[PDB]
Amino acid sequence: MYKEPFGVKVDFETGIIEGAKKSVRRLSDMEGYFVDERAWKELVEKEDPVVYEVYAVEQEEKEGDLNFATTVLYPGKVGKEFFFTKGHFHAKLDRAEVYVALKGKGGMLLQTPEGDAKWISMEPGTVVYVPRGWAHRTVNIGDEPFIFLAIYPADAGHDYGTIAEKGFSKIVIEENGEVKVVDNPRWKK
């Protein structure tokens, strides 16, 4: 009945988890996520760059168990809007999560089902506590890859549809060379 313990090497400098499952999100995988649709179409047809990669070590979906995954969020903008992850709530709403920032400059945008928002700035050494019930997205606000490690219950799941449906209440943009969190003009209510 007892499962096999294991260790894996993580390269903090590159985010790569040796032997883990890898996922790639390119800009073309993110249709309807950025405000500036035209700058999105423009970049997709010109370059279709990698927005982010995930290396994930995941267990069977059972209570008490834990998963972990690194994300490499590459630097870039879609118009004025910084590259980010698609973002999600968890399928189970009574599940928290911990992020450990490893390299680069970024932050996490967070929101409840109602629409109340939170921004937490992330730099190397930052550990962020993601409480039960908050959807969460990370954003790279710098010019180098933003790299972090996430630890999360094996049974949490992922609800993306709700974020693909409504987006987040706030957006993170650069404006006069200054980084700002402001209202999403597309937002529901």
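Numbers follow the displayed sequence, beginning with 1.
Judged by mean Cα B factor in the deposited record, 88-96 ranks above the other of 88-96 and 72-80. According to the PDB record, 177-185 carries the higher mean C-alpha B-factor of the two stretches 177-185 and 14-22.
Ranking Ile151, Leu43, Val139, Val130 by Cα temperature factor from the entry places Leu43 first. Based on the entry's C-alpha B-factors, the most elevated value among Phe34, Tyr160, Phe146, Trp134 belongs to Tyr160. Ranked against the other modelled residues of its chain, the C-alpha B-factor of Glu58 as given in the entry falls in the lowest third. Sort the chain's modelled residues by C-alpha temperature factor and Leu27 lands in the middle third, per the entry. Among the modelled residues of its chain, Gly64 has a C-alpha B-factor that falls in the middle third according to the deposited record. The entry lists a Cα temperature factor for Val51 that places it in the lowest third of the chain's modelled residues.
Ranked by C-alpha B-factor against the other modelled residues of its chain, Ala117 falls in the highest third.
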